[PDB]
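The block underneath contains the structure these notes are about, expressed in structure tokens.
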Amino acid sequence: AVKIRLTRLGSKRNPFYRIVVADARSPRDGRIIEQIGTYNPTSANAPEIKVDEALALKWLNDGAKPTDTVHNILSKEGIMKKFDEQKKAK
Amino acid sequence: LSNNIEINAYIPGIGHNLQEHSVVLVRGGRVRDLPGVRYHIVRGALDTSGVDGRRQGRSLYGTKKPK
Amino acid sequence: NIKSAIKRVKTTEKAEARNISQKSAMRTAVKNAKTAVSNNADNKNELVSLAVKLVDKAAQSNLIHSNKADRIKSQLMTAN
Amino acid sequence: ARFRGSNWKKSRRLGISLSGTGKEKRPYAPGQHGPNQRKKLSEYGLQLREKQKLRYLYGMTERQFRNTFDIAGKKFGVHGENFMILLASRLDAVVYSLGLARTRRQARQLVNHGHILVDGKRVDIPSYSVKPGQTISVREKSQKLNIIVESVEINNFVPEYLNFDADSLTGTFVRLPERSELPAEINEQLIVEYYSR
RNA sequence: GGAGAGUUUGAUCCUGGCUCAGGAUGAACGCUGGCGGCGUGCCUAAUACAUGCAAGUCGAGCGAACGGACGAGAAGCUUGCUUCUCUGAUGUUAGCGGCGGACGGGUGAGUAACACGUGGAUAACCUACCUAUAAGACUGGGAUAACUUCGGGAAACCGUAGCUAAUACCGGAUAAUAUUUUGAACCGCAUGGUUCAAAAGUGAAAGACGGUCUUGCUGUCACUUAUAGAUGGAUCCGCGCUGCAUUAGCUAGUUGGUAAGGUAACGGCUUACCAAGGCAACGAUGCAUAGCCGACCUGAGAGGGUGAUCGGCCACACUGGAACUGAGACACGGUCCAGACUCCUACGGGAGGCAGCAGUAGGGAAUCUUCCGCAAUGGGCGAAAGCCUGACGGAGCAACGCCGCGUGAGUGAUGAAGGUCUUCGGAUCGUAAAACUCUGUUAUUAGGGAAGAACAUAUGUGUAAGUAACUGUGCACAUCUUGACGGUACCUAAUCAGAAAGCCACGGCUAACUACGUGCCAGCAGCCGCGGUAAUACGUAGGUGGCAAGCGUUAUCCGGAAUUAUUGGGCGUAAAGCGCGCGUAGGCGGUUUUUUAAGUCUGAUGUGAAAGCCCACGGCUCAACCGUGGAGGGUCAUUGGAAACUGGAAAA
């Protein structure tokens, strides 16, 4: 029931999604636990992103169903290569 | 009034389009003619009709633009 | 109005009948047990060990859940 | 109502040349009662008259003028200077203070048009805040109509914080100016007092 | 980063009140009106509501019906009609059963208190899904809806007699820290806690789809038991949190104990007994008012006021009560009951709950479309495709506000006409017009753009964990394929200065003057005050100032107000020292030395959500706006240091 996910923050037309960990019960645009990373689907194509990639693995190691739109970009950063490189390690 | 009380009002301006029993809107403002009034109606929003004998402060007394 | 929960109504009634039969069957077993405490034969161990099985045959499903079961065993496995 | 006025009668009131337009009847003051003696001046009239004397310069209005004034309220060094230079580091000014006109308004209809190209880019607003490390140009399509090179040719003037290429119609902003580099000089203290009360 | 001006009197200084200038609104009203960007929109009757949608999903768990592609035997010969037999792909949905309906959305009637904030605790608690791990996954049965058939029922719906299945349901077996009981060690904040040893105690779907195929083997998912993790929830605690003392006694399950019961757990939470305590001027109680907080407005600052939108917490769902299912509800679109209300009825009896989105009436000064769409993000089910999503994306109405552009620009005197005034010469509107010369932001037309917002999942390739076997599985690259908005925004060329400006005020406070009418009359007024035939204050004109697609008035809040004065006041006479005393509680306290470390100072660790404010930066053409990052903020907890001062202890 914990899912890293997206919280759009922009105004009308220029959205700026934020990556963030959360429990699915909550609203989207409301309460969270901790920010990590970010996203910007325009002002540069491909997008402009950051990532924690230090403690972002923490939340996966103890539970998450990270969604696909995220899963894509984590692949674009490739941190999941370390994730499975430990999980399907053993 | 709507709230069912009893008060007084001086109407301003030349001519008064009103009588017994007639609805009318209300503002506040005190005048020193006496007590027994501390309000005064507004001209032009409802039954109290705008008087077009003016051209200068037409924005008040209910007037609209002449041409 | 009503849309779909009518399913959960009927289900609620079925599980009503089932659950109360489980509980009240236990409660009568407990009545037997506590009433067997006065007695002197055994006549106790059969009944009390039986009921302490039934607590668990019926606790896994209903709302009790364990802590209170363990309190019932806590008092009742000692009085005999 | 940025500009639809005579704008001469104002300069007939205040005692300054521009704007506008052009340069007898200026010894007078406007109105029927105009020519005669009139009221004295309060302190309010002085700081106020100063205000309008900077306001009709750029043709602008007050709610914009204040907002300028208190974005000068952020930064360090003195205040009134920063209001002046930031008021004449605008797009109309960097046009006419470069010499591409005879008045300040010619630049405004020049730029609503979109004729100029801030960094080679169309812009329709005189309220842009020009900066250094830039060019400014003329939509090379249109660098030959009647008005412009009629105006470009004469060397009205040049400040040393502006460069210019009369062959290219290319200006480029250079140094942070001051009033001692900007003609039509003023007093600042009186006008800053006006926004106390 | 901070401004004063008027006003008591014949004239003066003071004390003292009142009014004005500024800023601000979820705002209305009058006048007026071009456009775009952004943001907002029942503050009143928690009043009643027609009509539409707002929560379903799984056939890859199950029985059962529809279906008819394809194959085919005879044919009434009409040689493709068809009778049956039918082979059965793909698909469907009535039903059972599993998970969700409790999240999400909406409002603020209640609530003066652990409700809220902040800091803590739990040797007094709970926790489905999701992760990780370990172990298991054996052996049996009996029913029942749909479906057939009967009856009562107007309808609502109910029952009768058979019949069928399952990851349904019920037994047994087996299973450890899980419960009782026994003993050794270890531990601490007190009740107690951690680990080890031994007697009794409970489970599971023989499941589904797939590969190899020996149908064995094993995979994905799924189930059960257990231990953790995290998440969500709960209770307790210190502190801060409104007004009246013309509210001073309240309370008896109250307060404490014993036992029992109860609950996830502690507990007068609740029963039976013993007891008379408990709370209160440091303001108990009772009373009226009210959701709170982050924050918003203002102010130089301390401070004052409010709790719209956005976000966190709480309570509520016609009023009121109770409980089942369930991990979680005492359940916002669930039940049961009683009540008011509306409605249907064959009069026996039944039905319903917009403070969900829209919308209607109603009140009110006043607050909009019965919109398109699931492309995106987030949800729910699933193996996935996919489906549902009035959340949400996003169009529409309102000058409601903020921001932005313009309603043309340069040359143009004659001081033209024409208005007004004239001390009748002339002055004034006035480069203003007319005219000349450019432009077309914007608009009219036509093209392109149909820009981005699109990342994707499913579909083929190769690659590593594990399997006897990528045969099949669990993973990173690659191509395929997705726009409601929207034929948008934006762009490109052409056309005409032609469509596009007003409001208030002019005695002073206050920038801004002259003529007419008027004559204590009509009238203005925020203050002081004008007005009785020559009004700069009334009404009209002209002109001027301010202001701008906005402007004036009204209501409310702060300022100015040093006019509750801690920063920052006063009491001889101006309002103001009780008639005076005795003394409690409290507040304040002479000197020196020694100590202590609560106060204090300092340093650190944690926390003070995010958004917001302020500073730096970058992008939307700039701005508004958005983001980033910074600083910032506690009467905050924890902890190491200093000792002069307040404080406590001791000696003089």
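Identifiers in the structure tokens: chain A, B, ... in order shown; residue index from 1 per chain; ligand index from 1 in order shown.
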
**Asked** Which polymer residues have any atom within 6 Å of an atom of stretch 186-193 of chain D, counting only C-alpha atoms (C1' of nucleotides), with same-chain residues fewer than 4 positions away left out, as a VMD selection string?
**Response** chain D and resid 47 51 80

Residues of chain B within 6 Å of chain E: nearest atom pair and distance (Å, one decimal) for each, counting only C-alpha atoms (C1' of nucleotides), sorted by chain and number, as a Markdown table?
```
| residue | atom | partner | partner_atom | distance |
| --- | --- | --- | --- | --- |
| B:27 | CA | E:554 | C1' | 5.6 |
| B:59 | CA | E:31 | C1' | 4.4 |
| B:60 | CA | E:30 | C1' | 5.7 |
```

**Atom pair atom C1' of residue E:481 / atom CA of residue A:19: separation (Å)** =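 Rounded to one decimal, the two atoms are 27.6 Å apart.
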
**Item:** Distance of atom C1' of residue E:426 from atom CA of residue D:28, expressed in Å to one decimal place
**Value:**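 Result for atom CA of residue D:28 versus atom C1' of residue E:426: 14.9 Å, one decimal.
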
Give me the chain A side of the contact with chain E, cut-off 6 Å, one line per residue showing its nearest atom pair and distance in Å at one decimal, counting only C-alpha atoms (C1' of nucleotides), sorted by chain and residue number, as a Markdown table.
```
| residue | atom | partner | partner_atom | distance |
| --- | --- | --- | --- | --- |
| A:1 | CA | E:130 | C1' | 5.5 |
| A:10 | CA | E:626 | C1' | 5.9 |
| A:25 | CA | E:103 | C1' | 5.3 |
| A:28 | CA | E:378 | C1' | 5.5 |
| A:62 | CA | E:131 | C1' | 5.4 |
| A:63 | CA | E:131 | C1' | 4.3 |
| A:69 | CA | E:455 | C1' | 6.0 |
| A:88 | CA | E:465 | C1' | 5.0 |
| A:89 | CA | E:465 | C1' | 5.8 |
```

**Prompt:** So what do you get for atom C1' of residue E:407 versus atom CA of residue D:108, distance-wise?
**Reply:**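 Between these atoms lies a distance of 14.3 Å.
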
**Message:** Residues within 10 Å of stretch 175-179 of chain D, please, as a PyMOL selection string. Count only C-alpha atoms (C1' of nucleotides); anything in the same chain fewer than 4 positions from it doesn't count.
**Reply:** chain D and resi 81-82+84-86+88-89+131-133+159-163+183-186

Residues from the last selection, N, CA, C and O atoms, saved as a PDB file, in the first residue's frame:
```pdb
ATOM      1  N   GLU D  81      18.385  56.651  -6.949  1.00  0.00           N
ATOM      2  CA  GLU D  81      19.213  56.334  -8.105  1.00  0.00           C
ATOM      3  C   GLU D  81      18.715  55.073  -8.791  1.00  0.00           C
ATOM      4  O   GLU D  81      18.421  55.073  -9.992  1.00  0.00           O
ATOM      5  N   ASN D  82      18.595  53.988  -8.023  1.00  0.00           N
ATOM      6  CA  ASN D  82      18.178  52.710  -8.575  1.00  0.00           C
ATOM      7  C   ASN D  82      16.822  52.819  -9.245  1.00  0.00           C
ATOM      8  O   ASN D  82      16.582  52.184 -10.279  1.00  0.00           O
ATOM      9  N   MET D  84      15.750  55.568 -10.722  1.00  0.00           N
ATOM     10  CA  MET D  84      15.968  56.313 -11.954  1.00  0.00           C
ATOM     11  C   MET D  84      16.525  55.403 -13.037  1.00  0.00           C
ATOM     12  O   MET D  84      15.948  55.274 -14.124  1.00  0.00           O
ATOM     13  N   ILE D  85      17.643  54.739 -12.744  1.00  0.00           N
ATOM     14  CA  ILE D  85      18.330  53.951 -13.755  1.00  0.00           C
ATOM     15  C   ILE D  85      17.473  52.774 -14.177  1.00  0.00           C
ATOM     16  O   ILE D  85      17.408  52.420 -15.358  1.00  0.00           O
ATOM     17  N   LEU D  86      16.783  52.167 -13.221  1.00  0.00           N
ATOM     18  CA  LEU D  86      15.882  51.089 -13.567  1.00  0.00           C
ATOM     19  C   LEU D  86      14.679  51.611 -14.325  1.00  0.00           C
ATOM     20  O   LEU D  86      14.024  50.850 -15.043  1.00  0.00           O
ATOM     21  N   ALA D  88      14.999  54.187 -16.500  1.00  0.00           N
ATOM     22  CA  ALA D  88      15.566  54.507 -17.800  1.00  0.00           C
ATOM     23  C   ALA D  88      16.453  53.402 -18.353  1.00  0.00           C
ATOM     24  O   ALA D  88      17.106  53.611 -19.378  1.00  0.00           O
ATOM     25  N   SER D  89      16.501  52.247 -17.699  1.00  0.00           N
ATOM     26  CA  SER D  89      16.975  51.021 -18.318  1.00  0.00           C
ATOM     27  C   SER D  89      15.845  50.241 -18.969  1.00  0.00           C
ATOM     28  O   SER D  89      15.954  49.023 -19.128  1.00  0.00           O
ATOM     29  N   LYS D 131      18.746  44.848 -20.265  1.00  0.00           N
ATOM     30  CA  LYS D 131      19.863  44.395 -19.470  1.00  0.00           C
ATOM     31  C   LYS D 131      21.141  44.425 -20.292  1.00  0.00           C
ATOM     32  O   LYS D 131      21.104  44.556 -21.517  1.00  0.00           O
ATOM     33  N   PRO D 132      22.298  44.311 -19.642  1.00  0.00           N
ATOM     34  CA  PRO D 132      23.552  44.218 -20.389  1.00  0.00           C
ATOM     35  C   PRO D 132      23.792  42.815 -20.907  1.00  0.00           C
ATOM     36  O   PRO D 132      23.083  41.863 -20.578  1.00  0.00           O
ATOM     37  N   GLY D 133      24.828  42.700 -21.724  1.00  0.00           N
ATOM     38  CA  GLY D 133      25.117  41.440 -22.365  1.00  0.00           C
ATOM     39  C   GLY D 133      24.042  41.121 -23.374  1.00  0.00           C
ATOM     40  O   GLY D 133      23.654  39.961 -23.541  1.00  0.00           O
ATOM     41  N   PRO D 159      25.251  58.151 -25.147  1.00  0.00           N
ATOM     42  CA  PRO D 159      25.960  57.949 -23.885  1.00  0.00           C
ATOM     43  C   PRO D 159      26.973  56.826 -23.979  1.00  0.00           C
ATOM     44  O   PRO D 159      26.844  55.894 -24.775  1.00  0.00           O
ATOM     45  N   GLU D 160      27.988  56.921 -23.125  1.00  0.00           N
ATOM     46  CA  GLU D 160      29.093  55.975 -23.168  1.00  0.00           C
ATOM     47  C   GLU D 160      28.738  54.623 -22.572  1.00  0.00           C
ATOM     48  O   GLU D 160      29.509  53.673 -22.749  1.00  0.00           O
ATOM     49  N   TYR D 161      27.614  54.510 -21.876  1.00  0.00           N
ATOM     50  CA  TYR D 161      27.096  53.212 -21.482  1.00  0.00           C
ATOM     51  C   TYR D 161      26.211  52.591 -22.554  1.00  0.00           C
ATOM     52  O   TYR D 161      25.618  51.537 -22.305  1.00  0.00           O
ATOM     53  N   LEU D 162      26.074  53.230 -23.715  1.00  0.00           N
ATOM     54  CA  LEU D 162      25.495  52.602 -24.892  1.00  0.00           C
ATOM     55  C   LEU D 162      26.498  52.622 -26.032  1.00  0.00           C
ATOM     56  O   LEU D 162      27.201  53.615 -26.241  1.00  0.00           O
ATOM     57  N   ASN D 163      26.562  51.508 -26.754  1.00  0.00           N
ATOM     58  CA  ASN D 163      27.249  51.422 -28.028  1.00  0.00           C
ATOM     59  C   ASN D 163      26.211  51.476 -29.134  1.00  0.00           C
ATOM     60  O   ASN D 163      25.006  51.448 -28.866  1.00  0.00           O
ATOM     61  N   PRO D 183      20.958  62.246 -19.323  1.00  0.00           N
ATOM     62  CA  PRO D 183      20.455  63.622 -19.244  1.00  0.00           C
ATOM     63  C   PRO D 183      19.029  63.671 -18.709  1.00  0.00           C
ATOM     64  O   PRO D 183      18.434  62.657 -18.334  1.00  0.00           O
ATOM     65  N   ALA D 184      18.483  64.889 -18.659  1.00  0.00           N
ATOM     66  CA  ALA D 184      17.200  65.161 -18.013  1.00  0.00           C
ATOM     67  C   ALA D 184      17.251  64.762 -16.536  1.00  0.00           C
ATOM     68  O   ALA D 184      16.594  63.825 -16.078  1.00  0.00           O
ATOM     69  N   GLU D 185      18.075  65.505 -15.808  1.00  0.00           N
ATOM     70  CA  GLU D 185      18.393  65.168 -14.431  1.00  0.00           C
ATOM     71  C   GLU D 185      17.422  65.840 -13.471  1.00  0.00           C
ATOM     72  O   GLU D 185      16.779  66.840 -13.803  1.00  0.00           O
ATOM     73  N   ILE D 186      17.344  65.286 -12.264  1.00  0.00           N
ATOM     74  CA  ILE D 186      16.186  65.417 -11.391  1.00  0.00           C
ATOM     75  C   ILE D 186      16.615  65.670  -9.958  1.00  0.00           C
ATOM     76  O   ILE D 186      17.794  65.911  -9.681  1.00  0.00           O
TER      77      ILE D 186
END
```

**Message:** Residues of chain E were defined as contacting chain C if any atom lay at most 10 Å from it, counting only C-alpha atoms (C1' of nucleotides); please report them as a list in words.
**Reply:**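 Every residue meeting the condition is included here: residues 55, 56, 97, 101, 169, 178, 179, 180, 181, 200, 201, 202, 203, 263, 264, 265, 324, 325, 326, 327, 333, 334, 335, 352 and 353 of chain E.
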
**Request:** Enumerate as a list in words all residues of chain B assigned to strand (DSSP E) by DSSP on the backbone, naming them with the chain letters and numbers the document uses.
**Result:**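 Here is the list: residues 27, 28, 39 and 40 of chain B.
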
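Take the candidates A:84, A:23, A:77, A:34 and check each one against residue A:50 using only C-alpha atoms; the shortest distance goes to A:77.
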